[PDB]
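>>> generate a structure from the sequence data that follows.
(chains A, B, C, D and E)
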Amino acid sequence: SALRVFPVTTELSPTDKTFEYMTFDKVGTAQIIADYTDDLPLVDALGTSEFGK
Amino acid sequence: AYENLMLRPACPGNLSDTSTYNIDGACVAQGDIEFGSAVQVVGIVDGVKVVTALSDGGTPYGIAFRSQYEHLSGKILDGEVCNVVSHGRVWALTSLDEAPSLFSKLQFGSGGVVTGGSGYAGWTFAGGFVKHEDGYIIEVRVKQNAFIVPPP
Amino acid sequence: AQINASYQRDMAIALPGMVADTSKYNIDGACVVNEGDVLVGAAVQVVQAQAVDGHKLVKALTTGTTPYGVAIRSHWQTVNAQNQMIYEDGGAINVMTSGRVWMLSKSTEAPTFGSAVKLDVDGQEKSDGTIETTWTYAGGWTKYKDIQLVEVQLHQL
Amino acid sequence: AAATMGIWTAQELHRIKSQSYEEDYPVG
Amino acid sequence: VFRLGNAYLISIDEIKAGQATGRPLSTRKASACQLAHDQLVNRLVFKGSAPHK
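Numbers count the residues shown, from 1 in each chain, chains lettered A, B, ... in the order given. And now the structure:
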């Protein structure tokens, strides 16, 4: 059966018609730094999402 | 049907959908009648109808129904009360190998088994065609007041 | 001094694709929108009825096709779009195969009580349409704002 | 492509007012 | 003397959606029915019906 070989979770409510999950990425870098420095690299964070029924 | 399926799709002489069905309970059998197969109305005695298996020159009336309490032998025996599906959607018996055109008027012959389509007036073929034993089962959309007995 | 006032306003009688009567009706689920969108008050055609499973594929009426039933207005299954209510592709449709429903009409004159119903290629009622049905009129003939509506009696195919 | 490239959606920052207006049909 | 009547329909999914959002449909339909009764009584009083004399 498909309900035994694949995991079953319980989050959705009985009165829902759609849902959505998101995943996030990381963007950045680092450098070897000496004191009296003002040029520091910057990092960020982005993400996307998908739907279901 | 058959293997690769947990459940067999359908069995003859049983309703398929729960949509405006009518079952007559005041009937008596004259001969051995099997589930499925159309029946005639020979006569009416004190309210009840004496139904027989379809024969030549007789207008079909309904399809025999399967009850697991009335008939404990797999068929309807002589002198036994029976249920007849005058109106509704029931699985019948056929002697065909290919599903006819959709919404085509079926034709009956032999002992109430469907022989072919391309009729002029009568019941129609719903969407359904399954394999049973050695043969197939067709779904019939029974409508009351469909076959009118010809005047003499 | 002053004279008081009292006003009055009446509601409408119908809405496109809404069940008109409590008489014997038969609404068939287990139908799928094979392609395109289907309006609430328009007839549909059966592309294919699966044998083993039972689902019937439902599309919109085109030229030279037999109508099957009228879509039914629901607050849950339907999806709001185009400032209206429609059935989207890949979703279940409530098809009424028997009963009295309020249709969408393109005609301009009231019809007779008992007579055949003629649709056009779009699937909406037209007094001189081409596609022929077995359904008959019921008598109701009203209009919601700028939309014309007509009542029909549906017979099982 | 991939729009989004974000963390919050438009729904998460949104409000539906408690008040609701209804058309009035006098009786007579 | 005469008698009047009407009705309305609703499904289980709509009931569950109404209980899950605080916006019922049954109450609105019942109010519409009562309003229709009152307005038709008004129509009878101020315009009458020919077939019923």
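
>>> gap between the closest residue to chain B within chain A and residue E:20?
Across chain A, no residue is closer to chain B than residue A:1, which sits at 9.3 Å (CB to the nearest CB). In this view, the C-beta of every residue, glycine as well, is placed from N, C-alpha and C. Distance of residue A:1 to residue E:20, computed by CB to CB, to the nearest Å: 31 Å.

>>> comparing the two, which residue is more hemmed in?
Between residue A:1 and residue E:20, counting by other CB atoms under 10 Å in any protein chain shown, residue E:20 is the more crowded of the two (12 against 6).

>>> that one: which element?
Assigned by DSSP states H and E, residue E:20 belongs to helix E:12-21.

>>> export that helix to CSV, keeping only CA atoms.
Taking Å, rounded to 0.1, in the frame of the first residue of the first chain, the C-alpha atoms of helix E:12-21 are listed here in CSV:
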residue,chain,number,x,y,z
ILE,E,12,-22.2,19.7,4.4
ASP,E,13,-19.1,21.3,2.9
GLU,E,14,-20.7,24.7,3.0
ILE,E,15,-21.8,24.2,6.7
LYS,E,16,-18.2,23.2,7.6
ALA,E,17,-16.8,26.2,5.7
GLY,E,18,-19.2,28.5,7.5
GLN,E,19,-18.4,27.2,10.9
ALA,E,20,-14.7,27.6,10.1
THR,E,21,-14.8,31.3,9.0
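
>>> now the angle between helix E:12-21 and the next helix or strand after it, please.
Using DSSP H and E, the helix or strand that follows helix E:12-21 towards the C-terminus is helix E:26-46. Put simply, helix E:26-46 runs at 110 degrees to helix E:12-21, going by axes from the mean of the first three to the mean of the last three CA atoms, to 10 degrees.

>>> count the neighbours of residue 6 for me.
Picked chain A for this. 7.

>>> nope, chain D please
14.

>>> one more: the one 5 residues further on?
Counted with other CB under 10 Å, the neighbours of residue D:11 add up to 7.

>>> now residue C:25
17.

>>> so it makes contact with residue C:72?
No - between residue C:25 and residue C:72 there is no contact under CB atoms under 8 Å: 9.4 Å.

>>> need the overlap of contacts for those two.
C:19, C:96 (CB atoms under 8 Å, 6 or more residues apart in numbering or on different chains).

>>> how about the strands in chain B?
B:22-24, B:27-29, B:36-45, B:48-53, B:62-64, B:84-93, B:107-109, B:113-116, B:124-131, B:136-142 (DSSP state E).

>>> dump these into TSV; add distance to chain E as well.
Output for the strands of chain B, formatted as TSV (distance: least, CB to the nearest CB, whole Å):
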stretch	distance to chain E
strand B:22-24	23
strand B:27-29	36
strand B:36-45	35
strand B:48-53	36
strand B:62-64	32
strand B:84-93	23
strand B:107-109	39
strand B:113-116	37
strand B:124-131	25
strand B:136-142	26
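
>>> how far away is residue A:12 from chain E?
Relative to chain E, residue A:12 is positioned 12 Å away (CB to the nearest CB, to the nearest Å).
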